[PDB]
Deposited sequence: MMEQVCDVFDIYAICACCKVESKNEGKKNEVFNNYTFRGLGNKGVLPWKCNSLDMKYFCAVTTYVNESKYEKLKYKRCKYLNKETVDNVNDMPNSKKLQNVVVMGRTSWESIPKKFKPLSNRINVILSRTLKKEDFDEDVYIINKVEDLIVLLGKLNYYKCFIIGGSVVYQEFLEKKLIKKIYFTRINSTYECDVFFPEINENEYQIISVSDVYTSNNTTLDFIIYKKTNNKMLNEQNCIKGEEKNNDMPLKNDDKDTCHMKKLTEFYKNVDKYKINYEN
């Protein structure tokens, strides 16, 4: 059948959402649901400060590669596009997101960094990164690159547009079980387009419990 772009190019999303300060629905008799966790950022940075464990998780997922699986992936993408070291993953982020990262981490290590922007061009960056002004360009770029998996580390605006177009094969979602002030949020996942298939162990880090759940695009 008509293979989906997100499937051919293994394009996933990964994020961490905390609970929003919905003033006064806050005391009991409050209803909870998956959308309870939607707080992504505040003031161009993270609502909660930094979460060590969440970070360990982020780096672990976005840098992990399986060399023995590439050949299979190469063949897939080639056949798709009508064709015939150190494998790396690709991370795609919005410009705002790229700037909110401390210089010491830019560009994200052991990862092919791709930034989405209209106000900036390659001449405005000093780092080893790819710049693109259209989502369609990411696809062209992916078709030309050697990589394992592609991760949309987002920016709320980025997450939003990649979900509408159905470019996400799975969502690695981190539920920060605490509340902070926020100004940007993750889109409300439609229980019909995506369904949770895995829920991890629960942990404590930086004074808050959290877990990791994996959403998957339904058939």
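Novice: Can you list the gaps, in order, where the deposited sequence has no modelled residues?
Specialist: Several stretches lack coordinates - namely 85-95, 231-280, in sequence order.
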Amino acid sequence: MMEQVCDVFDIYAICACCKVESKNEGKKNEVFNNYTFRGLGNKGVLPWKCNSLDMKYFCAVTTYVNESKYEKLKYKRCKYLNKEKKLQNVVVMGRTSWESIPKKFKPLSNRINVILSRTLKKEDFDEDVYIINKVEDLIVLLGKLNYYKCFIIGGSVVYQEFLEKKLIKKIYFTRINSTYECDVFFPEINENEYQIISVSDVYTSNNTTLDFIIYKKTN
From here on, numbers count along this sequence of modelled residues.
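Novice: Mean CA temperature factor from the deposited coordinates, higher in 30-38 or in 53-61?
Specialist: The entry gives the higher C-alpha B-factor average to 30-38.
Novice: Quick check on the record: does 117-125 or 74-82 carry the larger mean Cα temperature factor?
Specialist: Taking the mean B-factor of the alpha carbons in each, 74-82 is higher.
Novice: Which has the highest CA B-factor per the PDB entry: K149, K144, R95, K103?
Specialist: The C-alpha B-factor peaks, among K149, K144, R95, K103, at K103.
Novice: Name the one of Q160, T174, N177, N190 with the greatest CA B-factor according to the PDB entry.
Specialist: Answer, based on the entry's C-alpha B-factors: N190.
Novice: Thinking about Cα B factors across the chain, which third does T204 belong to?
Specialist: Lowest third, going by the recorded CA B-factors of the chain.
Novice: Please rank the C-alpha B-factors of the chain's modelled residues and tell me whether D10 sits in the lowest, middle or highest third.
Specialist: As the PDB entry reports it, the C-alpha B-factor of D10 lands in the middle third of its chain.
Novice: Within this chain, which third does the Cα B-factor at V184 fall in: lowest, middle or highest?
Specialist: Middle third - that is where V184 ends up once the chain's C-alpha B-factors are sorted.
Novice: Splitting the chain's C-alpha B-factors into thirds, which one does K165 fall into?
Specialist: Answer is highest: the recorded C-alpha B-factor places it there.
Novice: Relative to the other modelled residues in the chain, which third contains the C-alpha temperature factor of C18: lowest, middle or highest?
Specialist: Middle third, going by the recorded CA B-factors of the chain.
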